[PDB]
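Novice: Next up is a structure, given as structure tokens.
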There are 6 protein chains.
Amino acid sequence: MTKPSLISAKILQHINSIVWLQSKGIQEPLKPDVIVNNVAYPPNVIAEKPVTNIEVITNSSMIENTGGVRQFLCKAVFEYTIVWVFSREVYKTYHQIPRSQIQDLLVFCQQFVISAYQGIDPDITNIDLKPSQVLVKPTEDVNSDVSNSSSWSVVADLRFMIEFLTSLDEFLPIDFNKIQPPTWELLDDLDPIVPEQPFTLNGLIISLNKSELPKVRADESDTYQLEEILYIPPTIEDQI
Amino acid sequence: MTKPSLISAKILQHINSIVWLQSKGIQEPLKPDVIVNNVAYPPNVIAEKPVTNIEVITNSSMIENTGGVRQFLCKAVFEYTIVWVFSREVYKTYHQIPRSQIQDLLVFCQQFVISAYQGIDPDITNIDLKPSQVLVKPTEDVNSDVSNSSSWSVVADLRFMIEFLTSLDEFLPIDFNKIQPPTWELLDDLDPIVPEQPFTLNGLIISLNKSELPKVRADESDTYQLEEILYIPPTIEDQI
Amino acid sequence: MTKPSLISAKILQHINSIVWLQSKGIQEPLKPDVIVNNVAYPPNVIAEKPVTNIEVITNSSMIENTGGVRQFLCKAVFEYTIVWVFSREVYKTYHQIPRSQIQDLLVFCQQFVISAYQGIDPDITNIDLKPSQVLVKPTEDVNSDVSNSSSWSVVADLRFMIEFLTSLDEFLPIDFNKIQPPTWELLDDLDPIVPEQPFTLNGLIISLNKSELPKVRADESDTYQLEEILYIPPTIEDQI
Amino acid sequence: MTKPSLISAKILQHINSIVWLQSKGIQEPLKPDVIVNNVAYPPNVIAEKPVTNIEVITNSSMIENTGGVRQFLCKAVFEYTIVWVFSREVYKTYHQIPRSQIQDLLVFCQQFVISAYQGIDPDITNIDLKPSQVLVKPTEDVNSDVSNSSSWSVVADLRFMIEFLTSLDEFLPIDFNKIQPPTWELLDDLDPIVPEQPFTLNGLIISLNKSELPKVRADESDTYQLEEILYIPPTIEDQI
Amino acid sequence: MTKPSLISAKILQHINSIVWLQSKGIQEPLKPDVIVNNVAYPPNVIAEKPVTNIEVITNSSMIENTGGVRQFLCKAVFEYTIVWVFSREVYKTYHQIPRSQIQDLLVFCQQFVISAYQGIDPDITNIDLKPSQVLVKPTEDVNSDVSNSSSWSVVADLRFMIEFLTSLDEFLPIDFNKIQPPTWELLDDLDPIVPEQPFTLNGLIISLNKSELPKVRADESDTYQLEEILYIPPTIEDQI
Amino acid sequence: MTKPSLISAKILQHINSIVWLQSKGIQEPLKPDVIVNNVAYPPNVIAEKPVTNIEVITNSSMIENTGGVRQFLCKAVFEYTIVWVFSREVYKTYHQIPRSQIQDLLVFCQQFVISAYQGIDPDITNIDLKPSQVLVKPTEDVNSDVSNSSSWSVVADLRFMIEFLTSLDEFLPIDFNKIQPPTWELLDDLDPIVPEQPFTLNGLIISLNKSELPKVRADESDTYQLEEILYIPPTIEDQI
């Protein structure tokens, strides 16, 4: 269904049991190493990137015409960036930083997000992985030790290509509450085109014709006689 | 048919029930948050980009030779850019801006424009979607809060690849009224090449020949005798 | 046949009934809006770009070996650029400029040039269209209103990929009159290689041999006797 | 299995009997030529690059559904850079440096790492080689001789594309010890989604129904009679 | 065969009856318009570019193993650039320059070079054309009129992809006369590897063996008796 | 086999009878024209570029599993650059330099290196040619004549893509003599992983079992009786 519920489930699966995310924001942390259980751990942040490549193809075999409202299959790329900052005070050389454990944590998150098909949204039809990039670039302006040497920053991206089912009926003015008012005015004094409304069958009228002897024709009015006009629920009489 | 009627229908489907477009113009808004029902909403704008990739292929199976005038299938890319400006006065951190709702609004517009095949123009043969790009770039020069920090700008593009039927007969000098005068002069004193005009059959003349005994030949003038000259409507006699 | 006659026909089809071309030249116009019938119209220009991608493939099924002179199929890309200048004095905002009508005029020219197969040259075998680009770039240095704001320029290109038949016999020193003298001298004192000349049959001589009894051999001179030497027109006797 | 054990085995295979690695670090060496057995050898270093292109495809024929926990196939690119510094004091001209021996050492390492399928990890399914690049760039700022001429640096990369099997069960909080605390708190006060736990069968209860004479139906409760309730281990009685 | 004879034939076909080449050199001409027959013509030059993409594939079906010396098929790209300078004194506007005639001259040269398969070299197996580029760039620093406006330069390239047969026997020290001395010394005191020399059969010796009764064996020396030793020309006796 | 022996053979084939290489080094020559037999020839140099694209695929049909040691097929690109310097004192114009002879010399080297399959190394399985590039760039800083005009430099590259067989047994510590000491110490106090050693069969012991009447089972110890223990060479008794 809707991408905000899906993205909330995606970040929940991300931080579920794999990555510990101390803060969420676009900024390398300048906090000291975090002390928990008398053990020091590096600062980290997560940047949730805006959803891109939002495309609706209507051209997949996994779209069922249920006959109520037209369904769609939507493709999206959901991009998350996790950054860990390793201070140079404790990590003197590049090779002693725990890059291996970061890669292990990254592959574990990839496996957990891929396996959780039924746990992210029921309407997910495909989840695929783009090749992840791991960078050991320096921090933005974060210095640790004497001489003002830049701290080690380990940056890992996760880009999930995900295909899921949607319908028109899933979107309501409640999810647009802080961006768009319901029932606004048209920008050029035009009328809004109202979509179709689900039609309810609250009466049926049948008018049958008794055709002439050779065969039914149904075009000329003298070749058939009106027999009766039938209202399938008797209560439709005198109502419409 | 013609692209201005089609583009008017396309923008109408866009603002129909999905995106609320406060203004139309190439400029990030410096208006305050718009107050409606005592609720504040971010400023927005739409840029309707000029139609590009206008190509006529005449090489598709959905072009019927009706025998009146030659039809064409035209492909075009119609590009719309919607920009929302979120002031930093209310939205202090990047992650608290409602990117999810913007993506939901974008996917809803994509679904609505794709479904409305019969509502945009009857002569649409294909509508497809390029991957949409969502950017969280800063505003052009719009500052909100103290220190003159740039406001958040959420930019979303929609590029519709659309294939539709056209004919020569659909274009008249009325739709060119403010760009081109009808019946202008040639730039090098040349003559204008007049296209074919629909021919009306207002008389038919048949001259049949009685051929010689072995077989019809129809080349030599002594091997056939003129019998009669027939004018299919009798009123063509003494007229032409 | 030859590209100058073809290009003259191509520009003639262009300005025939679609685009009104006020001037032909590589320069955005600084003339005022042109008044015709008391109606003001924007200035325009056309740039006819030099023919590029001139390739001769001799590898198509539409090349007939007529046995006189070797034919060729030539491919070329013919590029025309039409620029309209819309003054900011009348057109205050970008969205009120008549981009839709420009796109309509462009698609009409594309359809008219594509349909006119028999009208441009009889030897055209294919005409195809590259995707057209429509730009709303500013004018070169043309300012309209106060503050010296650059005028709106609408630039539309048309690139026709066109395949046509040619032969060696179609090119004569008349079409090179102002670029090359006929019968020039070789740059390194070399001799010019004269192409083959159409051979005319003005006499035929047959010398037949009466072969020996077992079979014709035709190699050894004692196994056949000369019977007669036949000159097919009697007037070839005593002539050659 | 896990990439840190695999990478430790990969560097071990690298330095096993092929490359002699004096130091491990991102820096061209400024140490003098190393004297061993009264023979001088050039300084060298190895840079172990961070693992990139970590992708989990779950779409290979070499993934067995064992029915315990879902397996995965992971692809990774492991990149090692070996740099040798040849002083200009001994190596006066470029062509007398032993580039051939470096290329021989490089091809030997490539062959040894490729052959050792069973020696790096048992769960390796594929090891492939990207084209190696050998550079004779100068040193960073290392000068040897008079005039401060830059020393010769021979840089050779080895990029192994490697596909291997993984499972969720292979990752424990022990391998994340210095990067992540076990059993942390959720960043938005959310609950952690616990993965499935291996279910142990410590009792089985069977309730069979005696169906009516025509056939089993199993939907309506009057068409079958409860016969007995069977506990497969007798000790499950009075326990659950 | 050899490329210098082929390239001499290629430039000869170029200037044969199509392009008039006043000078050959890499430089836009500053000579005045050339007066011949009291008619003024624009200056021109030709740049013969160095042969590139020289590749020997030995992997084509048009290479016959004649059994004397191994043949090859060589591919080359031969690039010629013709530049015409049109003074602004006579050619005031861009559109009045005779670009059409230049394109006609270019297509005529392309057709003539393509047709002349038997006239350039007998061993040509393929001649193909890359797409030609025609530029209306300004001259290098050539000014014509007042204000020092740059003259019009029309630049047209011709790149012939050509495949031809070669053999080792075609290259002799005569064609290298001014670049390489015959019979030079090896740069590292090595010996030169002499190619095979055509072997002439000036004698034949046959030694036949009379085999034992069950069958020929030809391995053990007691199972066959030497009968005679035959010298096919009797004069080989007492000679070798 | 090993690339240094192969590269020595490759440069030997290069200078064998085709290119005369006066010096080997990365530098355009400033020596005068070389006088031999009273004839002046241009200076030249050769740059042997470091071997790149060293890839071991183990995925070709030309790799035989001999069952001793695992073989490999190695691909490499061997790049040689030959530069000739033509002084402007003798060569006044560009077109009079002997580019044709240089191209002839280049194609002859390409043919000779391609043909010499059995002469470069016996284990070559493929030799292919990349498209060669011929440049007429100026010299680095070499001036000839008055005004200090840069001398003509003709640069031709030869890039051989070559596929050849290798094995682990071909590499010994003798070929690494000046780069790596034999039997070095591990960088992290690890043990070296010794490769398999060729196993020699110096004794065979067979213990056969007499099975029970219904059939051989070979799992339970009571269903078979030990008959004898056979040592195939009698001298293995009392030895092991």
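A quick note on method: Cβ atoms are made from the backbone with ideal geometry, for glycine too, and the neighbour counts reach across all protein chains shown. Readers should treat all values here as calculations from the given coordinates under stated rules, not as data from a laboratory.
Novice: Here is a list of conditions, (1) closer than 30 Å to residue D:107 by Cβ; (2) surrounded by 13 or more Cβ atoms within 10 Å (Cβ to Cβ); (3) in contact with a helix residue (DSSP H, G or I) (Cβ under 9 Å, 6 or more places away or on another chain), and residue F:133 meets all of them except one; can you say which number that is?
Specialist: Among (1) closer than 30 Å to residue D:107 by Cβ; (2) surrounded by 13 or more Cβ atoms within 10 Å (Cβ to Cβ); (3) in contact with a helix residue (DSSP H, G or I) (Cβ under 9 Å, 6 or more places away or on another chain), the lone unmet condition for residue F:133 is (3).
Novice: Please work out which one of (1) in a strand (DSSP E or B); (2) over 24 Å from residue A:104 (Cβ atoms); (3) at the interface with chain F (Cβ under 9 Å from one of its Cβ atoms) is the condition residue D:153 fails and give its number.
Specialist: Exception for residue D:153: condition (3).
Novice: I need the full set of residues from the range F:108-150 which are facing chain E (nearest Cβ under 8 Å) and without any contact (Cβ under 8 Å) to a residue 24 or more places away in the chain, in order please.
Specialist: F:111, F:114, F:115, F:131, F:135
Novice: Quick test for you: out of F:93, F:166, F:183, pick the one residue that is facing another protein chain (nearest Cβ under 10 Å), of a type in the set (S, T, N, Q) and touching a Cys at 6+ places or on another chain (Cβ under 7 Å).
Specialist: Selected residue: F:166, the only one of F:93, F:166, F:183 that is facing another protein chain (nearest Cβ under 10 Å), of a type in the set (S, T, N, Q) and touching a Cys at 6+ places or on another chain (Cβ under 7 Å).
Novice: Every residue in the range C:10-33 that is more than 12 Å from residue C:108 (Cβ to Cβ), facing another protein chain (nearest Cβ under 9 Å) and among the aliphatic types (A, V, I, L, M), please.
Specialist: Scanning the range C:10-33 gives C:11, C:12, C:15, C:21, C:26.
Novice: Among the residues of the range B:34-56, count how many are at the interface with chain C (Cβ under 9 Å from one of its Cβ atoms) and not hydrophobic (A, V, I, L, M, F, W, C).
Specialist: The qualifying residues number 6.
Novice: Any chance you could count how many residues in the range B:106-138 are over 20 Å from residue A:4 (Cα atoms) and not in a helix (DSSP H, G or I)?
Specialist: Number satisfying all stated conditions: 13.
Novice: Residues E:158, E:190: which one is touching a residue at least 12 places away in the same chain (Cβ under 8 Å), of a type outside the set (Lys, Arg) and either touching a helix residue (DSSP H, G or I) at 6+ places or on another chain (Cβ under 7 Å) or under 30 Å from residue E:97 (Cα atoms) (or both)?
Specialist: Just one listed residue meets the conditions, E:158.
Novice: How many residues, within the range C:70-84, are farther than 13 Å from residue C:160 by Cβ and either facing chain E (nearest Cβ under 9 Å) or of a type in the set (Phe, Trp, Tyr) (or both)?
Specialist: The total comes to 4.
Novice: Under 8 Å by Cβ, and 6 or more places apart or on different chains, what pairs join a residue from the range E:85-99 that is surrounded by 20 or more Cβ atoms within 10 Å (Cβ to Cβ) with one that is of a type in the set (A, V, I, L, M) and assigned to a loop (DSSP other than H, G, I, E, B)?
Specialist: Once the first residue is surrounded by 20 or more Cβ atoms within 10 Å (Cβ to Cβ) and sits in the range E:85-99, its partners that are of a type in the set (A, V, I, L, M) and assigned to a loop (DSSP other than H, G, I, E, B) give E:86/E:97; E:97/E:136; E:98/C:179; E:99/C:51; E:99/E:136.
Novice: Can you say whether residue E:81 is among the polar types (S, T, N, Q), touching a residue at least 24 places away in the same chain (Cβ under 8 Å) and surrounded by fewer than 21 Cβ atoms within 10 Å (Cβ to Cβ), as far as the supplied structure shows?
Specialist: So residue E:81 fits the description; yes.
Here's the yes/no breakdown for (1) surrounded by fewer than 10 Cβ atoms within 10 Å (Cβ to Cβ); (2) within 11 Å of chain F (Cβ to nearest Cβ); (3) within 46 Å of the chain's Cα centre (by Cα):
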{"position": "E:192", "(1), (2), (3)": "no, yes, yes"}
{"position": "E:198", "(1), (2), (3)": "yes, no, yes"}
{"position": "E:207", "(1), (2), (3)": "yes, no, no"}
{"position": "E:224", "(1), (2), (3)": "no, no, no"}
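Novice: Filter the range B:159-178 down to the residues that are in a strand (DSSP E or B) and either surrounded by fewer than 18 Cβ atoms within 10 Å (Cβ to Cβ) or of a type in the set (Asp, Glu) (or both), then identify the one that is farthest from the chain's Cα centre (by Cα).
Specialist: Looking at the filtered set, the residue picked out is B:167.
Novice: Residues that are among the aliphatic types (A, V, I, L, M), surrounded by fewer than 19 Cβ atoms within 10 Å (Cβ to Cβ) and free of Cβ contacts under 8 Å to residues at least 60 places away in the same chain: list the strands (runs of 3 or more DSSP E) wholly contained in the range F:1-69 that include at least 1 such residues.
Specialist: Those strands (runs of 3 or more DSSP E) span F:34-36, F:39-41, F:44-48.
Novice: Keeping to the range C:57-102, report how many residues are over 24 Å from the mean Cα position of the chain (by Cα) and under 23 Å from residue C:30 (Cα atoms).
Specialist: Counting residues in the range C:57-102 that are over 24 Å from the mean Cα position of the chain (by Cα) and under 23 Å from residue C:30 (Cα atoms) gives 18.
Novice: Here is a follow-up. Search the range F:203-228 for residues being assigned to a loop (DSSP other than H, G, I, E, B) and in contact (Cβ under 8 Å) with a residue 12 or more places away in the chain, and hand back the single one that is nearest to residue D:38 (Cα to Cα).
Specialist: Per the stated criteria, the residue is F:203.
Novice: Which one of these does residue B:103 not meet: (1) crowded, with 21+ Cβ neighbours inside 10 Å; (2) within 10 Å of another protein chain (Cβ to nearest Cβ); (3) part of a strand (DSSP E or B)?
Specialist: Every condition holds for residue B:103 apart from (3).
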